[PDB]
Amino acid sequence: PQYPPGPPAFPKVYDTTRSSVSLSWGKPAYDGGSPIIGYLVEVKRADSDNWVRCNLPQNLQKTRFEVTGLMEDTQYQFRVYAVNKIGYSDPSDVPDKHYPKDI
């Protein structure tokens, strides 16, 4: 008997550019009894209700991802799913709203 994994641990922004935001997280506390196969990153405009998927899970084995194609001076929010062969974790929201900016 196997379940979807738990939420990714400690998600954060760790870099930005004027057109991208880079997120990092840690492996979930539990994997539901089947190995983690990937992660799924979703991004929305902070002033929006429409989340957009940024990648295919099997394409994202590492616990970091650069979200590209973002508009400078526009605020975004992010959430990350852990995935295994059973399904998707509860998403782990990335705290706060974030601008893509040259820092």
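Numbering starts at 1 and follows the sequence shown.
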Stretch with the higher entry mean CA B-factor, where the candidates are 68-76 and 30-38: 68-76
So which stretch wins on mean C-alpha B-factor, 46-54 or 59-67? 46-54
Entry-reported C-alpha B-factor of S92 relative to its chain, by third, is highest
Hey, what third does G6 fall into on Cα B-factor, ranked over its chain? middle
Of the three thirds of Cα B-factor ranks in this chain, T17 occupies the middle
